[PDB]
Amino acid sequence: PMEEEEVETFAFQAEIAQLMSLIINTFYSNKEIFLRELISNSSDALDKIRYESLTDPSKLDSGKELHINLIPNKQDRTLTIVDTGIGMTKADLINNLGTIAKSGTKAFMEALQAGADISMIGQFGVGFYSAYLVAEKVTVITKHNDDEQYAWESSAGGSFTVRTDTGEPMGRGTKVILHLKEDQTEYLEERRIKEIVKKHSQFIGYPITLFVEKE
Ligand SMILES: CC(=O)c1ccc(NC(=O)c2cn[nH]c2-c2cc(Cl)c(O)cc2O)cc1
């Protein structure tokens, strides 16, 4: 029987859209820092569930294990980063990942057009958008306690969508799926992933596991 699914389409806040075009359409060396930003975001969300569980242990009913998995797929050309952090409500996605102005956006674009290296992005509070250095499309699947699982998606161009996710259930957390650009397939290679995690994400306070499919 035919299933029906509600979708909502949103416009990025004007300077966020400007930042995304600047990230996509300008050449930057040091694109590898996208992964540091993703891991640091997962780490922050894991911190939130960890401390929030000291008050209310039943917040870990949706899974006790606090960790980060990296999953390259050479046939899909995707790299997926999964955490079991606190997750995002529907309103969190809509607000935190596109519609609400971020106070650091302008400063960052100014710094970057004066020659700052792209690695500075995290300090400006817009580090998520570094995903578009390497990815043509980003999907963020998320599950927060007491809310449904949602899917956010954007290929930039000024909009994003949000929908209730009817895919594979997660207990709690956030899964980011990077559909990589054709010239950025190095970030599917075991050695390269291990290299940049070692260089940039060495002191993360949760275990990270890299899952590699048999060649
Ligand atoms: C705009 C920006 O850079 C940004 C960075 C991180 C967040 N994180 C969250 O809101 C959050 C809350 N729970 N889980 C997350 C989360 C978000 C992202 Cl984008 C991620 O990659 C991993 C997460 O755990 C939101 C915005």
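The figures that follow rest on heavy atoms only: side chains count, while hydrogens, waters and symmetry mates do not. Counting begins at 1 with the first residue of the sequence.
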Query raised in the report: Looking just at side-chain N and O atoms, do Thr9 and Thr161 make a donor-acceptor pair shorter than 3.5 Å?
Result: no
Query raised in the report: Mind checking whether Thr185 and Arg77 have side chains closer than 4.5 Å, heavy atoms only?
Result: yes
Query raised in the report: Can the ring centroids of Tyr132 and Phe34 be said to lie less than 6.0 angstrom from one another?
Result: no
Query raised in the report: By salt bridge (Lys or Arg N to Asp or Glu O under 4.0 Å), which residues pair with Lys194, not counting sequence neighbours?
Result: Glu190
Query raised in the report: Are the side chains of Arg36 and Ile39 in touch, meaning some heavy atoms are under 4.5 Å apart?
Result: no
Query - Salt bridge flag under 4.0 Å for residues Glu189 and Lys74 - result: yes
Report task. Could you tell me whether the side chains of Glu5 and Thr164 share a donor-acceptor contact shorter than 3.5 Å? Result -> no
Query raised in the report: Just by distance, with hydrogens left out, do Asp117 and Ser119 show a side-chain donor and acceptor under 3.5 Å apart?
Result: no
Query raised in the report: If every non-hydrogen atom of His144 is compared with every non-hydrogen atom of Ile86, which pair is closest and at what distance?
Result: CD2-O, 3.3 Å
Requested in this report: Please work out which of the three classes, parallel, tilted or perpendicular, describes the rings of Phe10 and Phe160, given edges at 30° and 60°.
Outcome: parallel
Query raised in the report: Are a donor atom and an acceptor atom from the side chains of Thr89 and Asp147 found within less than 3.5 Å of each other?
Result: no
Query raised in the report: For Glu186, what residues pass the salt bridge (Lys or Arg N to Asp or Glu O under 4.0 Å) criterion, not counting sequence neighbours?
Result: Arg192
